[PDB]
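Student: To kick things off, part of the complex as it is:
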Amino acid sequence: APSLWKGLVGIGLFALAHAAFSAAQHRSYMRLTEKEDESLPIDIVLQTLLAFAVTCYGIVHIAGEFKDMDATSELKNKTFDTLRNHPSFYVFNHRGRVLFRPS
């Protein structure tokens, strides 16, 4: 799922860049002709707004963690069996050691 969102964001960014290039070409043509104070066509403006909204949707979905405020639910499935043993004090005197000695 995240890969699809990343691809959609990339496609939206590419569409935005293409709309930018089209607007730049429009302004370059406008500089050619005297007067004719007209705005850029509305179709490209709608396309760039569509690219603005599409990339704005996946940018929220990419980084969603929203971890729970309560910390009692994170030590909830953990049992006391694993907590009893500690990495610090570790005695290497067990029957399994001499059981596994020969293979």
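Tutor: Happy to help now that I have it. Residues are numbered from 1 along each chain as shown, chains lettered A, B, ... in the order given.
Student: Spatially nearest residue to the residue nearest the centre of chain A, not counting backbone neighbours?
Tutor: Centroid-nearest residue in chain A: residue A:62, 2.4 Å away (criterion: C-alpha atoms, centre = their mean). What sits nearest to residue A:62 in space, not counting adjacent residues and going by C-beta to C-beta, 6 or more residues apart in numbering, is residue A:5, at 5.9 Å. Where C-beta positions appear, they are placed from N, C-alpha and C, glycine not excepted.
Student: Which parts of the helix or strand that contains the one you found count as buried, going by neighbours?
Tutor: Using DSSP states H and E, residue A:5 sits in helix A:2-32. For helix A:2-32, the neighbour count (16 or more other C-beta atoms under 10 Å) marks A:9, A:12, A:15-16, A:19, A:22 as buried.
Student: Stretch A:84-102 now?
Tutor: Under 16+ other C-beta under 10 Å, stretch A:84-102 has no buried positions.
Student: Surely the residue nearest to the centre of chain A touches residue A:9?
Tutor: Yes: counting by C-beta atoms under 8 Å, residue A:62 does reach residue A:9; the two are 7.2 Å apart.
Student: thinking again about what came up before, how about the residue nearest to the centre of chain A, what does it touch?
Tutor: A:2, A:5-6, A:9 (C-beta atoms under 8 Å, 6 or more residues apart in numbering).
Student: go ahead and place chain B:
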Amino acid sequence: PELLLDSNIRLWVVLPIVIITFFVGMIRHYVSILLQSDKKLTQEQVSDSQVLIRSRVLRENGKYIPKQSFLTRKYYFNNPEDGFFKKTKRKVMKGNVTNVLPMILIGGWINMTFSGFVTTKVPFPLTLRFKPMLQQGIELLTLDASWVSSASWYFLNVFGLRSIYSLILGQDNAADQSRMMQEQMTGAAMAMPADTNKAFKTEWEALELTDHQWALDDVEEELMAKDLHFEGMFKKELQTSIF
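Tutor: Same chains as before, plus chain B:
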């Protein structure tokens, strides 16, 4: 829109200045990380630091504690006869977040290199009293203040990426074994100053100022209730098998 500019000035000014400021910020961050040095720590200072943490957790979490043990702890800390805080006594340019000088120097060098230039105009209407700010090298009185020079461009650029820098970077939390050592280091770095006597007296009086309110007495609230979470919870524990 006027003042037709060349297309070969935008490719030799804007991109260079943007890359320069970006990588200057990156250099500053990485060099600050590199120059960071650890501080020597005496076992005694760690000792009183952990004692202070213990007093703090006693103050914070004291409701879920038997009353007898609570007064035992409070007496041991206080102990008017001997007391541990009372007897145990020990014996006793202007660099201020230097980040403005480098940016000022970089902006000054950039402005010195570019004498007469027009980088970009700002859409925002600006007054004529900021014209000496913005141009600083162009001899024009009829021109508007919208067209700014490279100095203001870089000045706005350094603030433009201030929040962008944190997007690439972030925080780190690992090394469970080294986490404890980090906690001791930071806590004793808090407890560096040599004012042990007044801190001990302040903590001694603050501990007396605390009262006791056993939060365990309110048990009747749970007895009259409903246990239905323990089967919606139990239904979602069954599907998982054993690896």
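Student: Could you re-examine the contacts of residue A:62 with chain B now present?
Tutor: Residue A:62 makes contact with A:2, A:5-6, A:9 under the criterion C-beta atoms under 8 Å, 6 or more residues apart in numbering or on different chains.
Student: Any buried residues in stretch A:52-61, and which?
Tutor: By neighbour count on 16 or more other C-beta atoms under 10 Å in any protein chain shown, the buried set for stretch A:52-61 is A:54-55, A:58.
Student: quick one: which of those residues is nearest to residue B:186?
Tutor: residue A:58 (38.3 Å; C-beta to C-beta).
Student: ranges for the helices of chain B?
Tutor: Along chain B, counting by DSSP state H, helices occupy B:10-35, B:43-60, B:67-78, B:84-87, B:100-113, B:131-134, B:150-160, B:162-168, B:176-190, B:196-209, B:220-223, B:229-235.
Student: Turn these into CSV, columns for mean neighbour count.
Tutor: Shown next, in CSV, are these (neighbours: other C-beta atoms under 10 Å in any protein chain shown):
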stretch, mean neighbour count
helix B:10-35, 13
helix B:43-60, 14
helix B:67-78, 13
helix B:84-87, 14
helix B:100-113, 13
helix B:131-134, 15
helix B:150-160, 18
helix B:162-168, 10
helix B:176-190, 12
helix B:196-209, 14
helix B:220-223, 7
helix B:229-235, 9
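Student: Out of the ones you listed, which is closest to residue A:71?
Tutor: helix B:43-60 (15.0 Å).
Student: how much space between the nearest residue to residue B:64 once chain neighbours are set aside and residue B:153?
Tutor: In this structure, residue B:64 finds its nearest non-sequential neighbour in residue B:215, 5.7 Å apart by C-beta to C-beta, 6 or more residues apart in numbering or on different chains. Using C-beta to C-beta, to the nearest Å, we find residue B:215 at a distance of 60 Å from residue B:153.
Student: following sequence is chain C, place it on the structure:
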Amino acid sequence: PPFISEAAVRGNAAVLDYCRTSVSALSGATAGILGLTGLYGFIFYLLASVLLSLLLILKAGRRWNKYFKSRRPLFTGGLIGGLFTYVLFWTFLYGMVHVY
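Tutor: Alright, chain C goes in next:
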């Protein structure tokens, strides 16, 4: 509610700020691509921020109490710094296309 973990709150705040920054940065690029007056640009930035806030609220929906204690930071948060980084990218592509 009695016990609160600071790590979860910090992560939530970091995610919210990252989203607010990225959305503002792209809104600046859009405004620079179109090119408007200051009043219209500021109103457009405010509209984009409101739309982002509405989408963020819709993202949570049900069970938002455990996710966020309140809603004030979701509505009002990162409005000045986000505008500061939006002004950069608004004028970055504005004069690059029109003036140049």
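Student: again for the buried residues of stretch A:52-61, since chain C is there now?
Tutor: A:52, A:54-56, A:58-61.
Student: In contact with residue B:33, which residues?
Tutor: With C-beta under 8 Å, 6+ apart, residue B:33 has no contacts at all.
Student: What is the neighbour count of the residue of chain C found nearest chain B?
Tutor: At 2.9 Å from chain B, residue C:88 is the closest residue in chain C, using C-beta to the nearest C-beta. Residues lying near residue C:88 (other C-beta atoms under 10 Å in any protein chain shown) number 21.
Student: what about it, helix or strand, and which?
Tutor: Per DSSP H and E: helix C:81-92 holds residue C:88.
Student: now the angle between helix B:150-160 and that helix, please.
Tutor: Relative orientation of helix C:81-92 versus helix B:150-160 (axes from the mean of the first three to the mean of the last three C-alpha atoms, to 10 degrees): 140 degrees.
Student: and helix C:81-92, does that touch chain A?
Tutor: No: if you take C-beta under 8 Å from any C-beta of the partner chain as the test, helix C:81-92 misses chain A, and the best it gets is 11.6 Å.
Student: what's the following helix or strand after that helix?
Tutor: For helix C:81-92, the succeeding helix or strand toward the C-terminus, using DSSP H and E, is helix C:94-97.
Student: Could you see whether chain B lies near that next one?
Tutor: Yes: Helix C:94-97 lies within reach of chain B by C-beta under 8 Å from any C-beta, at C:94-96.
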